[PDB]
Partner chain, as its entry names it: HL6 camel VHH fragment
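Starting off, we have a lone chain in the form deposited without the partner chain, written out as structure tokens.
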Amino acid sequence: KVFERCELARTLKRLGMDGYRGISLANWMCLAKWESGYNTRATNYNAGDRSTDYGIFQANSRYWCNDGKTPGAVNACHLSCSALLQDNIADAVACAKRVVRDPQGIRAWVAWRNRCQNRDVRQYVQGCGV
């Protein structure tokens, strides 16, 4: 499923992402936009290390979910990577919450540093009623 901007913003708020571990909703919106373009079925193969990024938040199969074909991988979210490809993003959200519980926080995603950090991210939630 490809979420519309405000539709996603309201969903994330309902799932308790606003201010989770100090991360504003606008930051989560900016992260999802640059990771998958709000596409829940987004998958990305990283030929260099044999891992694949799954879902709206592009969780890497080497650390977050299990796809069985990634060498020396862990499954910190304790989920099959298939779970991160559902139209329902509850699991993808629980896993993203898990990621930011580590010291790096929102920085765990390099895309966030490049496209969101130190920027005016208000535009992502403006007019959504969140």
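Positions refer to the first chain, counted from 1.
Enquirer: Of the two stretches 80 to 88 and 99 to 107, which shows the higher Cα B-factor on average in the entry?
Expert: Stretch with the higher mean C-alpha B-factor: 99 to 107.
Enquirer: Return whichever of 12 to 20 and 114 to 122 has the greater mean Cα B factor according to the PDB record.
Expert: Per the PDB entry, the higher value belongs to 114 to 122.
Enquirer: Between 94, 29, 74, 56, let me know which has the highest C-alpha B-factor in the entry?
Expert: It is 74.
Enquirer: Per the entry's values, where does residue 39 land by CA temperature factor relative to the rest of its chain, in the lowest, middle or highest third?
Expert: Lowest third.
This protein has a second form, the form deposited with the partner chain bound, left out of what is shown; the following refers to that one.
Enquirer: Counting only non-hydrogen atoms and a 4.5 Å cut-off, give the residues of 76 to 99 close to the partner chain in the bound PDB entry.
Expert: Sequence-ordered list: 76, 77, 78, 79, 90, 91, 94, 95, 97, 98.
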